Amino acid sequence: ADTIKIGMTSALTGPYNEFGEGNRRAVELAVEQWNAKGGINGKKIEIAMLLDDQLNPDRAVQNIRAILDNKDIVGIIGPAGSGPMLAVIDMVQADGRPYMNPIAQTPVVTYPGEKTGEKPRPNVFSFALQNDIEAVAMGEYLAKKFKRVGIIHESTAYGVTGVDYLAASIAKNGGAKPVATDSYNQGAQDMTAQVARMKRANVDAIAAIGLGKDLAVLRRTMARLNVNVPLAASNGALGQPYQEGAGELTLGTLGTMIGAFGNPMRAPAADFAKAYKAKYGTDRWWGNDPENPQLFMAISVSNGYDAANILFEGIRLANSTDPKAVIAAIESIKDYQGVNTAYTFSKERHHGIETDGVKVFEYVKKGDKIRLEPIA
């Protein structure tokens, strides 16, 4: 019997595999759930291809080539990481099949003309928290709390566009200009020079845009050079690799996060958390508290879940896997109750998460453990 075949490439192994493996588990769970109900209008779904790019742009190119080469693939869940996404995006756009972008936050992944919510790439739908959107909450917070903000970012478009939007939001809220900026390459082991720069500039806070493994190195380096100021990090950095690498130093780190798993949860987040736990247990993604999934699930797991459910709903509504038909059906979706947000798409609107879907959180000590609570 004919099946509906989708393809995926993401960071399944290596230092940033929290995203690729988290999304993989999400998509597999969405696939099993649809299939348990008969598939899409009676046709079962298969993940025909599941490739590993390791958050590496060159590997993502090879993988997307391979996926697009398979004529029977009707839609794609794309890689984590602005680097990989930007390396493949022209090819994906030219191909035309529906392509979900679950994570990458650089706005030109979806809106190459740099106005969010206008003239999106026609086949691309995004479940990311875009940088221009995350910067609104983080910029207001930094402008109000601090006077001498230093900014450190990974040297990718995520990091680079991140700082631009963060500094612009700080300015718009009337905050002081950042007193120092600097960058590091993903995987850098020595960040002494950048932190020493922050120290010479007498920062009262450091904002960082990057991922967990790296933020932990940065946090440890601050401690090492006696730079004891709040670290304000991006959502994508506040994951298991940060907590594990930073240990006690997580205290006082804060960040803007998709708030879906914060208590109390809305029904779709609660329903998803129950199903996830039933299959995978209280694993790395769930975190260290059996009764409460960690907030970081939203950016490592449920973005992929929502991406898959929207793709499947589009196919269901279209009653076809023809790419233009699926795209038009996705653009017809209104107020779909996803885990991370309610989704409403249109010909112009190809992203879902807005500022109402995020809040600023801080690590605070709860007895003898350390967890995120929302800021005052």
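Residue numbers here begin at 1 and follow the sequence given.
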Do the CA atoms of 278 to 286 or those of 89 to 97 have the higher mean B-factor in the entry? 278 to 286
Out of 308 to 316 and 37 to 45, which stretch has the higher average CA B-factor listed in the record? 37 to 45
Checking the record values for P120, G252, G139, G236, which has the greatest CA B factor? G252
Just the C-alpha B-factor column, please: which of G259, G159, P79, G247 has the biggest number? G247
Lowest, middle or highest third: where is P293 by Cα B-factor in its chain? middle
Determine, from the deposited record, the chain-internal third of the Cα B-factor for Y16: lowest, middle or highest. middle
What third of the chain, by the recorded C-alpha B-factor, contains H350? lowest
CA B-factor placement of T344, once the chain's modelled residues are sorted into thirds: middle
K365, C-alpha B-factor rank within chain (lowest, middle or highest third): highest
